[PDB]
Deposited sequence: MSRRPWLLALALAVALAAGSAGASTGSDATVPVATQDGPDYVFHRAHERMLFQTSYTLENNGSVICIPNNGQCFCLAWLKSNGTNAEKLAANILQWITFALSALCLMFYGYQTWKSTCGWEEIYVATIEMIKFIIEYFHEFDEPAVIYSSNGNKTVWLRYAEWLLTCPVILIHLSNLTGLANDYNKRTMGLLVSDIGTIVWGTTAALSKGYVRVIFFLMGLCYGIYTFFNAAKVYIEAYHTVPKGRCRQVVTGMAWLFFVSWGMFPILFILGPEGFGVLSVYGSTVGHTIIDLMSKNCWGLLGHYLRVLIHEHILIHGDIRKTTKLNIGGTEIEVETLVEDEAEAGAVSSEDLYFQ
């Protein structure tokens, strides 16, 4: 298939490589297999599943709400490019140091992850403003992706350093994401809405926590997983991080909207001691408009 040189001869007892002078770049490292047919087959099935589910999610959202639509749109464009050019440059970058870097994946993260975090910063959909903490979440997450991409493009100690820089940015992201989910839990009404927020937190930390594990295991790290193997793992946590998380987030916004139509927007101030934070909780009746504090 390749649009780099794939035909060569070994000469002088394997010490010389001769290639056609046809303008193409050449490197042995680029011709290593991407994995077994079973790994490839598994990857093509999960991709169709993700494309189908993203199209179902899109039509379903088509009946504010813009973050779920933007991510599902990017996911669709991603699949059409994978289907036609998955291993064509620059969906995969084949670089002079011999690396294969899945630019398609990192570009998708730069497009979708900040939007997931904007959604996280307004889980109820009622806020018209965003605090200073939202800005730190976005700046830390962009840095994480930039350091991780740089680590994947590098080798040796340069890779290790940029990976560690990504991990420090990532920890700052996780820490601040955790505070938002804690605020969200004490903001939404007392019943089912707190089940969904709890569900979204589990999906978020498990799926986002898997990305650094898949990096270390993949060709970008210790080469335990092949390229197809890494694709299979990444589409699974894509389904959790994007499709399932967005579905719950959409459901949560529907429940908040139904609550406000039936009961109106009645708030109670709750205080969170763990640091001193203030949150305006939604309640069901006017017997609550007080100043409560919940110790963690």
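- Comparing the deposited sequence with the modelled residues, the stretches lacking C-alpha coordinates are 1-48, 112-117, 329-330, 353-356.
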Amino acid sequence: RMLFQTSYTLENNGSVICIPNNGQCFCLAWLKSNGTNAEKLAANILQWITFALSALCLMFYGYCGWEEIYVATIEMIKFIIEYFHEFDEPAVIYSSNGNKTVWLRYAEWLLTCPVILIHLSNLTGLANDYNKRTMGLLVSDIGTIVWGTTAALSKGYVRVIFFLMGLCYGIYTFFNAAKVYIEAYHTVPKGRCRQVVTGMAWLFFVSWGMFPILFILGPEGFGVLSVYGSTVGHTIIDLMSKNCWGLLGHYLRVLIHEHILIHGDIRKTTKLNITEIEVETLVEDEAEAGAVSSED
From here on, numbers count along this sequence of modelled residues.
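Throughout, rigid core stands for the largest set of C-alpha atoms superposing within 1.5 Å between the two forms.
- Taking 119-127 and 106-114 in turn, the stretch whose Cα atoms are more displaced from the shown form in 5 other deposited structures of this protein following rigid core superposition is 106-114.
- Of the two stretches examined, 50-58 and 223-231, the record assigns the greater average C-alpha temperature factor to 50-58.
- For the pair 238-246 and 40-48, the mean B factor over Cα atoms is greater in 40-48.
- Residue set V16, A287, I19, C25: peak C-alpha B-factor at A287 (per PDB entry).
- By the numbers in the PDB entry, the CA B factor is greatest at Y130 among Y181, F87, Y94, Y130.
- In this PDB entry, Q195 carries a Cα temperature factor that places it within the highest third of its chain's modelled residues.
- For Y63, the recorded CA temperature factor ranks within the highest third of the chain's modelled residues.
- Among the modelled residues of the chain, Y83 sits in the highest third by CA temperature factor in this PDB entry.
- Per-chain ranking of the deposited C-alpha B factor places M76 in the highest third.
- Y157: CA B factor lies in the highest third for its chain, per the PDB record.
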